[PDB]
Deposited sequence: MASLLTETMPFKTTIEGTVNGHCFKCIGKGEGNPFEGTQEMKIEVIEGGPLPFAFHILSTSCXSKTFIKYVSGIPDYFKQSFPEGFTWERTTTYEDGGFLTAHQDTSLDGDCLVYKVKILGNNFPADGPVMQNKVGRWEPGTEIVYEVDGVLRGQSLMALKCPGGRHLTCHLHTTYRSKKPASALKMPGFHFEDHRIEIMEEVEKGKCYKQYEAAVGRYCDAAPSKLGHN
């Protein structure tokens, strides 16, 4: 493939959350086929962020997923044309985090352009108070709809006091390559384990890691030969 064992990627992020404008830049690399990656995000405008960086964790990279059981790779198949994704994450305490992202292959490096609009986060909530813990790993269900791919997941942000702030992700993935030229994957799961490796600079620079896997429900046996 046009993807190397160690693919580098750059990102530019622009957004407004609860009326606060900000801008980020980031760089990282990962193993596309092993489904691992890491990057450093830098807030170049509006820093230090007045909210937990974590609500941006999923907006910083679907090319880095390890697909097992022969599941087709919608993202890797999309190159060199690339793809885009759109999503609205709804938090159980009222917040909404909407994002649109464009993924392209510029030479030997992947390029992400991200637009973000977040709102309604409670001023007294863990996010705006910036008192969150970490993301538990999340499992997304991905299936074909309208010729494109749809995904949904429930994620849980561990917060101090033994609390879990959950949210619901509603995603749509669009290949820039015609559906006719793609091998659409069937209904499957996509585990995403996100971990902030280091807070290089409070509210201004973070190092984030993610391991992802595309699989079927291997734990529970089927009696009718279903995936």
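Which ranges of the deposited chain go unmodelled, in order along the sequence? Unmodelled stretches, in sequence order: 1 to 2, 63.
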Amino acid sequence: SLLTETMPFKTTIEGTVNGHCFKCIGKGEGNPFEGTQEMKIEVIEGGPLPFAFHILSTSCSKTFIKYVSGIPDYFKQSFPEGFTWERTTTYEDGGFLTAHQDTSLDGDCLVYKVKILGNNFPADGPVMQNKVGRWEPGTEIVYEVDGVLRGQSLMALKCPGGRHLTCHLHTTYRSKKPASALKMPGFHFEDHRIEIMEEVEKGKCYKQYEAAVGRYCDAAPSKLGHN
From here on, numbers count along this sequence of modelled residues.
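What stretch has the higher average Cα B-factor here, 91 to 99 or 76 to 84? On average, C-alpha B-factors are higher across 76 to 84.
Regarding 213 to 221 and 5 to 13, which shows the higher C-alpha temperature factor on average in the entry? Looking at the record's C-alpha B-factors, the answer is 5 to 13.
Going by the CA temperature factor in the entry, name the top one among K158, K177, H188, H170. That would be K177.
From the list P137, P126, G118, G107, select the residue with the highest C-alpha B factor recorded in the entry. Answer for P137, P126, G118, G107: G107, with the highest C-alpha B-factor.
Among all modelled residues of this chain, ranked by Cα B factor, put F51 in the bottom, middle or top third, i.e. lowest, middle or highest. Its C-alpha B-factor belongs to the middle third of this chain's values.
How does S69 rank on Cα B-factor within its chain, lowest, middle or highest third? Middle third, going by the recorded CA B-factors of the chain.
Within-chain third of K27 by Cα B-factor, per the entry: Its C-alpha B-factor, which the entry lists for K27, ranks in the highest third among residues of this chain.
Entry-reported Cα temperature factor of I194, expressed as the chain third it lands in: Lowest third of the chain for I194's C-alpha B-factor.
Rank-wise, by C-alpha B-factor, drop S57 into the lowest, middle or highest third of its chain. Tercile = lowest for this residue's CA B-factor.
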